[PDB]
Amino acid sequence: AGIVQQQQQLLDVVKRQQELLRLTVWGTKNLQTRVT
Amino acid sequence: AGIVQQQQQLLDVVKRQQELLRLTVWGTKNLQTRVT
Amino acid sequence: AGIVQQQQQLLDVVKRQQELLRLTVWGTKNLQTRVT
Amino acid sequence: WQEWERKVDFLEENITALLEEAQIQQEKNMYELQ
Amino acid sequence: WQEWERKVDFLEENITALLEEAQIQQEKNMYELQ
Amino acid sequence: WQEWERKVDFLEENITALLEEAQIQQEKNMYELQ
């Protein structure tokens, strides 16, 4: 019950890291459009 | 099993997230080179 | 107790990734300020 | 930059897929201990 | 870029916090499973 | 940016090694669960 519980928390943080990853790729895409 | 499985799925996401992160660090580097 | 350690390693990875991510974001912000 | 984009776009979709299926295998393990 | 920045800052802080919580559960697991 | 470059390069080398171990350990969990 505790290993799976940690799994939910681990998957929870990895989801947010993705949101942050997406935001950084957007910036990179955006700067790229302009610099190009 | 079902959790040792969830363990793999989690490892796969971070593995994939790293693949995406690499590309993003490559973009930042490229733009940094031209922008300056 | 095979998986608990593995859950620590996956934890340490997301942590290292977050650090790298924050650095990447600083670069995106820094370039952004130069571009605009 | 052409292939670059093509790659980050596929990775994004991939990850969302893994995250989705992970949420599934997670809830399966939740109701299982039960 | 104004909103964008506000969201990365928040997410950066949020993730660092979620990680800290996971540390608490990791400990209980180190204890229990042993 | 000079310091930034060597910090991301190490962090990249770091996570890569860590990702291997994570897989290897995973290889042992199901190799040893039974």
# chains A, B, ... in the order shown; residues from 1 in each chain; ligands from 1
call {"tool": "interface_residues", "arguments": {"of": "chain B", "to": "chain F", "cutoff": "9 Å", "atoms": "only C-alpha atoms", "output": "PyMOL selection string"}}
result
chain B and resi 1+4-5+7-8+11+14-15+18+22+25+29+32
call {"tool": "calpha_fit_rmsd", "arguments": {"fixed": "chain F", "moving": "chain E"}}
result
0.9 Å
call {"tool": "closest_atom_pairs", "arguments": {"of": "chain C", "to": "chain B", "cutoff": "7 Å", "atoms": "only C-alpha atoms", "output": "tab-separated table"}}
result
residue	atom	partner	partner_atom	distance
C:10	CA	B:11	CA	6.8
C:24	CA	B:25	CA	6.3
C:27	CA	B:28	CA	6.6
C:28	CA	B:28	CA	6.6
C:31	CA	B:32	CA	6.6
call {"tool": "write_last_selection", "arguments": {"atoms": "C-alpha atoms", "output": "PDB file, in the first residue's frame"}}
result
ATOM      1  CA  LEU C  10      13.825   7.184  -9.730  1.00  0.00           C
ATOM      2  CA  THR C  24      17.615  25.123 -19.126  1.00  0.00           C
ATOM      3  CA  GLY C  27      18.921  29.924 -20.392  1.00  0.00           C
ATOM      4  CA  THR C  28      15.525  30.319 -22.105  1.00  0.00           C
ATOM      5  CA  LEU C  31      17.997  34.469 -24.306  1.00  0.00           C
TER       6      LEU C  31
END
